[PDB]
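Provided herewith is a single structure, encoded as structure tokens, for subsequent inquiry.
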Amino acid sequence: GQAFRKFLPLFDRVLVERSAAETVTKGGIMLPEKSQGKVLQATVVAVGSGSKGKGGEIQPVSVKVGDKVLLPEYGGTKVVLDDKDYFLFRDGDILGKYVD
Amino acid sequence: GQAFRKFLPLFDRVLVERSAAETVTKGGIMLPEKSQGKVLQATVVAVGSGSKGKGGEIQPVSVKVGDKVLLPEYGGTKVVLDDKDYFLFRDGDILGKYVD
Amino acid sequence: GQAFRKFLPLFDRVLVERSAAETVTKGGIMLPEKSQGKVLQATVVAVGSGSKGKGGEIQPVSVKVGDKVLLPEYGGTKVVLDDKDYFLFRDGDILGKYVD
Amino acid sequence: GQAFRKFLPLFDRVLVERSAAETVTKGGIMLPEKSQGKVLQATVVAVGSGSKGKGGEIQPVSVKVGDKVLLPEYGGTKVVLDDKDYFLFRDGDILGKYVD
Amino acid sequence: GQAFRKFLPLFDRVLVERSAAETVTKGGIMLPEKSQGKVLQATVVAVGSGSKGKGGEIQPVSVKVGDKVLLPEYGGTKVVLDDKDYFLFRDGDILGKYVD
Amino acid sequence: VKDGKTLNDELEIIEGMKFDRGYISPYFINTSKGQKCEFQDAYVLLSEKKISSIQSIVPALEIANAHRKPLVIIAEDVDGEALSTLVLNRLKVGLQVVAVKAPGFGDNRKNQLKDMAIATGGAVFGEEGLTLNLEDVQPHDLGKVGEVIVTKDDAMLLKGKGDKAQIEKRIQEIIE
């Protein structure tokens, strides 16, 4: 498990911050704030130690800290750390990650 | 796991590209766009690494990249990659494949 | 697994072709088409490779291609091959066989 | 298992004491009492011995007494000890720990 | 398993006797009996032999006879023994023990 | 011209920004001689939407408390937890604050609120077009009056420290 802002997730939970919502289009058209939904793009800031899926050993989570990941529409918990929004997810809920 | 457009699926998740909807019939009758439903034919573009169904090892998915497959009507997730529509499915959701 | 018209079912799914609906009775009485429901009699045209029920091995399906089988009223999936009607079933859904 | 005020939790249950609700903001603005919801921050005062997740042995709980933890919105049992408010939680329900 | 008043519980069931409802407060105020809700404190009077949670052996229950325990708000079976109220609970339903 | 309750005709001159909206709660009264709220050199908070939440009203209260200046809150309505916060801070510690409903039923409410913003030097919050949020309030986004009376039925703002040229442009806008 890896901690972020003095917060360590438990079991296979993963903490992410969502990316910044896009404010202007590629042509130069500014977008209203209330029309921008939740960003499914996110980066991993903290992982838990993982669950015990098999007998006697700890299974680490599939993502690591700094991974750029894709989130589902629902299934995240609001976590406030130093007055900033963070979202806690189960490891199996992450749809995929972006490689570079 | 195999990545597509710098996106890699997680666990037993498969990313597919749906085939193009039929626009004109075999007799030359063009079809309206709003009347064409979702295409159940698709091509596998990205596979996940696979889940751990048994004890201690990773089970790879049953399809590979480039496979021509048949999809169910429900059960896919909208994924946008380079502003182009793609759909993510669990490996068990795919009904079958087209062999050549 | 066995393929049929360039379609191969995945896992333990079984592809069936329903028997022809009875149009005339034994007494020579023609029957309306709207009054004939789905035929629970069917033949097996394609089988999947099977699931992994136990640890590390593939369990083949209980029916083979060419078997004459009885279908449940619900639980089948519409599959169209060469503009012809076919239905996909889980192997555990088939009620029984017609043994000759 | 660790007891607190002669109360010992059973199996993997964890007893927590919620933190004090904020009565005044950083700018010196006092807040009404009924506008302050349940505090998701809490400290662990008592743990159970743990459950038997695997075959034949007892799995201890992930948190220990004195850990600063984060709690979900729902899923806690009211427990009154020496006429003072306390809450009982399952070990898996706890979101994470505050490390120092 | 331990029997009480010629009644032996089966499997992991536990028979408890609830504490007497508080009729007067610490100041000297008599309380109405209708307002006195169900008492969550109880004394274990009979335990079952336990269930077979693992392979081939019998798992004894966590509580013993004479233990002071805390009860959930729902989930108890009314058992009448010699015309007196007794309540049957699963071993997992019990929240904790009062250790002296 | 309206009726008079006396025997003689009398002329009343009403100056400044008077509107037929009193205080929301009587706990804001600090001048018991006339049952009125009296502030001098006060901040003005203007909201085009209702103020019903804690976080929509706390930051403005922290600016008013840090500057040790009174605050006048003119919105569509102030209710819920924000009203309880205002009354609690007025009664316990003695925070100088008053809350007044906005005048007008329709687009007249928006036009008069923007008139108040221009005359006081403040900004209208919770608007349809610019969409300024009440959680993000700066000390320059508040109007500055030199004087305010809030009685039971009406409130009046005097000597708003707005930009004179902006008031002139708003006057020509009303003229056209």
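Every chain is numbered from 1, with letters handed out A, B, ... down the list of sequences.
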Rounded distance [0.5 Å steps], CZ in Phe89(A) versus CG in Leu71(A): 4.5 Å
Charged N-O contact under 4.0 Å between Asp100(A) and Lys6(B): no
Under 3.5 Å donor-acceptor, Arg13(B) side chain and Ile94(A) backbone: yes
Side chain / backbone / both / neither for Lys78(B) at chain A, heavy atoms under 4.5 Å: neither
Structural part of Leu8(B) lying under 4.5 Å from a heavy atom of chain A: both
Flag if over 12 foreign heavy atoms under 6.0 Å of NZ, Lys64(A): no
Under 4.5 Å from any heavy atom of chain B - which part of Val69(A): neither
Region of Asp93(A) in contact with chain B, defined by heavy-atom distances below 4.5 Å: backbone
Distance flag, aromatic centroids of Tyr86(B) and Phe4(B), threshold under 6.0 Å: yes
Atom CD of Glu57(A) with >12 non-hydrogen neighbours under 6.0 angstrom: yes
Contacting region of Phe11(B) [heavy-atom separation from chain A under 4.5 Å]: side chain
Heavy-atom proximity to chain B below 4.5 Å, by part of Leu70(A): side chain
Structural part of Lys54(A) lying under 4.5 Å from a heavy atom of chain B: side chain
